[PDB]
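Everything below concerns the one structure shown next.
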Ligand SMILES: C[C@@H](c1ccc(F)cc1)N1C(=O)C(C)(C)c2cnc(Nc3cccnc3)nc21
């Protein structure tokens, strides 16, 4: 229970060679979730997908996407240190709470759309968004997990045809999933047909407002599906947010020279130059991890 700068606590998840353990950054006392991946047992394609994830995770900085703090690499094992989302799975919440009232769903959906679009600003497409890919933090805010399933697929994804247009369909599914508690389309062929028809069951409690937005997402033609920037201006998206309309994610400017954190770090034996080089170089080393975590 001591992998590098971290002290391992519980095991919030296990699986196929990859296992997530709740840990604590010893220098800052902060809580993190360490994704421990055994590369010896990983196949040809999954390693390519893993390295894609690590490369993406490094560029993103959205309050609704799980932050990466450190990358601890060994020959056989890879350790990815990410922010731990205390709330749990949105899936278990939809299971327990029953479903979400449009007001609650709106708050969480604004974040989902903002986060996904932010990836799109950077020409990054998730290609597979699911309600069991969505996490909740302490204050019940969405935290999109990782890039590491079929009812969430687009029509042309069956028709044999990969860009941002795909993520727009999946968000329609996600929105429906949140407000109703169920999947809009349901063996194969039965799912293939119902998704291709486009016709989904509209629940009795749904508003005209919410159904219009679903229509903006769930469009059969991939070429006729709206962008996330034009969908952000939708009425349902801004109900109780009249002055604060949803706009493409801000992205804060870099504060690589915080005096509070740098004095504490220089005290720890870190050189002022290595603190700067690690952040400018975006190395995600023990220096970078210590700095990002100190800012909490
Ligand atoms: C364990 C795993 C995860 C991710 C998405 C899920 F939908 C379920 C589990 N997982 C991860 O890989 C990473 C991003 C490191 C992560 C961070 N935080 C949490 N929190 C959590 C999940 C479930 C119950 N209580 C807490 N799970 C994480």
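Every read-out reported here was derived from the displayed coordinates using simple, explicitly stated rules and does not represent laboratory data. So basically every Cβ, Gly included, is an ideal-geometry build from the backbone, and we count neighbours across all protein chains shown.
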(request) Examine segment 181-197 for a residue that is part of a helix (DSSP H, G or I), closer than 18 Å to residue 115 by Cα and touching a helix residue (DSSP H, G or I) at 6+ places or on another chain (Cβ under 7 Å), and state whether such a residue exists. (result) no
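Does residue 126 count as in contact with a helix residue (DSSP H, G or I) (Cβ under 8 Å, 6 or more places away or on another chain) and assigned to a helix (DSSP H, G or I)? So that I can check it myself, show each step before the final result.
On the way: in contact with a helix residue (DSSP H, G or I) (Cβ under 8 Å, 6 or more places away or on another chain): yes; assigned to a helix (DSSP H, G or I): no.
No; evaluated as a whole, the condition is false for this residue.
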(message) Just to check your reading of the model, which residue among 164, 203, 184, 151 is surrounded by 14 or more Cβ atoms within 10 Å (Cβ to Cβ) and either over 22 Å from the mean Cα position of the chain (by Cα) or over 24 Å from residue 133 (Cβ atoms) (or both)?
(response) 203
(request) Being under 18 Å from the mean Cα position of the chain (by Cα) and over 22 Å from residue 138 (Cα atoms) is the filter here, so list the residues in segment 20-56 that pass it. (result) 49, 50, 51, 52, 53, 54, 55, 56
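Is it true that residue 139 is within 15 Å of residue 63 (Cβ to Cβ), within 16 Å of the ligand (Cβ to nearest atom) and in a loop (DSSP other than H, G, I, E, B)?
Numbers: within 15 Å of residue 63 (Cβ to Cβ): yes; within 16 Å of the ligand (Cβ to nearest atom): yes; in a loop (DSSP other than H, G, I, E, B): yes.
Yes; evaluated as a whole, the condition is true for this residue.
Of all the strands (runs of 3 or more DSSP E) wholly in segment 30-103, which have at least 2 residues that are near the ligand (Cβ under 9 Å from one of its atoms)? Before the answer, list the steps.
Working: elements: 30-38, 68-73, 77-83.
The strands (runs of 3 or more DSSP E) meeting that bar are 30-38, 77-83.
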(message) I'd like the full set of residues that are in contact with a helix residue (DSSP H, G or I) (Cβ under 7 Å, 6 or more places away or on another chain) and surrounded by fewer than 19 Cβ atoms within 10 Å (Cβ to Cβ), limited to segment 132-145.
(response) 132, 136, 141
